[PDB]
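Taking the form deposited in one PDB entry, here's one chain by itself in structure tokens.
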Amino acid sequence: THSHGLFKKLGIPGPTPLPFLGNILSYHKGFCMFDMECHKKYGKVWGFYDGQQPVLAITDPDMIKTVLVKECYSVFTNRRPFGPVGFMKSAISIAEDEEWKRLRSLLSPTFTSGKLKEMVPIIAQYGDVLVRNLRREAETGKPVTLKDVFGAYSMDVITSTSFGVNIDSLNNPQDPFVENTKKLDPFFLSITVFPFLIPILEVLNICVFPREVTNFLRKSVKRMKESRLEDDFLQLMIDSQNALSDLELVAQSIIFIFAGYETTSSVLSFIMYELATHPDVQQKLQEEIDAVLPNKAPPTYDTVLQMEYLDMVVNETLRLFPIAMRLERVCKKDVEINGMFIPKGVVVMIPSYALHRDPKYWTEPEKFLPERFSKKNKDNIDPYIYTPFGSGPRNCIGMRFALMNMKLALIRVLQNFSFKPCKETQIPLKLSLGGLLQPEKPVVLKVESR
């Protein structure tokens, strides 16, 4: 509590904290409404308390670039330590300082022109299977849960690539793999307040995903490595096992497996929601696709980057729904950035969801307006207000892979389907309150052959 004076003594505005809890009860809205409202109410910069942890929100495009780009290596290197993680301490996105840079540059040779282009023929094989699955159940003519169908696609595409293991989640509605992956939670509430508990859970072996999902992979990612040793990602980590170790290999894998599944299916669900409620945009895209890939022609690496309107659509959706509600860097030593002292131990927070919807930088910002991304308007958009993939050395390592993957899936779907809203379809869309940005009710849409 003694810490609740920090932003008072520093002269920084904010909702005043309750003992122990901090500003926690404000998240009853949801982490996105809280932030939005705080922006409006306190202007450019403010402080709040995650239980006992001070978090300084910043909005200045300059000050943002300083902490994300210019001052990353020296002072803003790490994210918040977030729960009981155990061996997942070694995962890239969870690692800190030295073990990070090592892991980061050991893995960033993975998503590069070369690699990407090499993943295309494999990923585009599961585009074809997405078309099939959609068609079998458009016959039904009954609302389709996009997330399901997108999920199974997402699934097949990461495994098959980063490893080289086609797992066929698609001829298989029934699946030994996805079960383990995806698994009003008072658990993160009790830690996010009381972090003095955290080392206790570590000793007890209690981890944020059971000795069921990991004990699965422990041996399973062990499984995918072994058969290989006879006659990419899984590859490049074996370059380093001659210095990437046993569980270090497995922990990168889970981080990838998750990101590549969960994020990729949510955005693609959100986009199709958009296209369906904006049939004009859906048409314009379906033309561009048809103009670029004529005769139902299969999408390729170079044809994807040719597609300007598609990129506009992806971007505009990501403006409205940035699956990561905020970016964060823990300040590791005292600092004076753009005339603002920030004490050691503060968590600096960039509120991506809110800035993406700010009057100041977006005219009619609730409206889905892909045209705000055309070559004409493109350059009037600050790269520190628009941050769906974060920025600087700790940005999203999977960006390029994510975009192309989504687009490949978008292309084939549109080059053979139309999507309209029906009864169950939630209009307008309502985001769920929790950690990740999700639609509270699933995206269900009617699908028709072309």
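Definition used throughout: the rigid core is the maximal C-alpha set that superposes within 1.5 Å between two forms. Don't overthink the numbering: it's just position in the shown sequence, from 1.
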Counting only other entries where the flanking residues are modelled, do a third or more lack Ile92?
no
At least a third of the other compared entries leaving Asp231 unmodelled, is that the case?
yes
As recorded in the PDB entry, how many deposited residues are without coordinates between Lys183 and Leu184: none, 1 to 3, 4 to 9, or 10 or more?
4 to 9
In the entry, residues of the deposited sequence missing between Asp231 and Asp232 amount to 4 to 9
State which stretch shows the higher mean Cα B factor in the entry: 295 to 303 or 342 to 350.
295 to 303
Averaging CA B factors per stretch from the PDB record, which one is higher: 398 to 406 or 416 to 424?
416 to 424
One of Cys331, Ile92, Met272, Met237 has the largest Cα B-factor in the entry, namely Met237
The largest CA temperature factor among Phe177, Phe368, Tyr309, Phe256 is found at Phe177
Name the third of the chain's ranked CA B-factors that contains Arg372, choosing lowest, middle or highest.
lowest
The third of the chain into which the C-alpha temperature factor of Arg79 falls is the lowest
For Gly435, does the deposited CA B-factor place it in the lowest, middle or highest third of the chain?
highest
Modelled-residue ranking by C-alpha temperature factor, third containing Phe87:
middle
Lowest, middle or highest third: where is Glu226 by Cα B-factor in its chain?
highest
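This protein has a second form, the form deposited in another entry, left out of what is shown; the following refers to that one.
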The residue to pick from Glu99, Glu71, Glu308, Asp175, given a Cα shift of 2 Å or more between the shown form and the other one after core fitting, is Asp175
Core-aligned CA displacement of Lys219 at least 2 Å between the shown form and the other one
yes
Once the two forms are fit on the core, has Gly83 moved its CA by at least 2 Å between the shown form and the other one?
yes
Does the distance between the two CA positions of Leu293 reach 2 Å or more between the shown form and the other one, the core being superposed?
no
